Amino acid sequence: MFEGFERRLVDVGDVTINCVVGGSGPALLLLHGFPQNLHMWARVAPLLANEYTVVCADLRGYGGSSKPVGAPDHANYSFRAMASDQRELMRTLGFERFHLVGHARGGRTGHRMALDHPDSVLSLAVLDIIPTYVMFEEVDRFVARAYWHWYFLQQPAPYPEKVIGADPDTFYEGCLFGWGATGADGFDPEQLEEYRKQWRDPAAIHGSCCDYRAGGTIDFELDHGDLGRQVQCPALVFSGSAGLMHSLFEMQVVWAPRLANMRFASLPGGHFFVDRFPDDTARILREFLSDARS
């Protein structure tokens, strides 16, 4: 995987970020979600590398990046903290400005990055997410049942860590196949094994739980403070039309108040559609990035 890409472990302050870098042209940062890592982009990234300098990075708590113990207030796993790591990564790699594509947790990281440092983000694509604020503020019995993990993963350490730790493969496969609504046949064996390595790492189990703990506290509060602000750069809301969130919310309705320049796309998959549709994901991203640059 990632043939010809350079593998780098980059110190960005108090953490180290694992990434791969390949291609040439404008910078494009690809950020993964949960329970995955930069390997979700193993097929997409080489496709886009003919036109972009593609950086795929692991979020703090995930993959090969640092996974500090979560602070009592979860602040070291906020999307603000996660975004700072990634912006600093790009700067260290020589990129003051870059296009940003984020799935799930990476999309939330991107939204926060664009709010905190608008000048760094040339365009923003958010893949299969409803805004964090909306997820919580507009929760009902259907939303809570569909994305049950938003509540389980908030339970205080070490409870979810120990429950998950007893059988990580069962737990996380249920994330892919259940709330993730993406059938097993849609996953490439090589990429799936990279996810499995992380699933079995207790430090990653903890880091990802802390991400969710922050999600329901510090992130919710920061997002609340920013209500009414719109990201100004070109944005793409790119969903899985066979996923749970595409059907309980209208993507266009929840994102319009947050994005001044919004385009939409979807693929007929679940939350983990990038795993099943890498060529079509690259196609849609390529078109959007071209539009954004025009």
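Start at 1 and count along the sequence shown; that's the residue number.
Averaged over Cα atoms, the B-factor as recorded in the entry is higher for 242 to 250 than for the other of 222 to 230 and 242 to 250. Across the two stretches, 89 to 97 and 128 to 136, the PDB entry reports the greater mean Cα temperature factor for 89 to 97.
In this structure the maximum Cα B-factor among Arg105, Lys162, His111, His117 is found at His117.
Comparing C-alpha B-factors across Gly216, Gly186, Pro168, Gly174 in the deposited entry, the largest value falls on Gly186. In this PDB entry, the Cα temperature factor of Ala204 sits in the bottom third of its chain's modelled residues, the lowest group.
Compared with the other modelled residues of the chain, the Cα B-factor recorded for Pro68 ranks in the middle third. When all modelled residues of the chain are sorted by CA temperature factor, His74 is found within the middle third.
For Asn37, the recorded CA B-factor ranks within the lowest third of the chain. Only modelled residues enter the ranking. In the deposited entry, the Cα temperature factor of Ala49 places it in the middle third of its chain's modelled residues.
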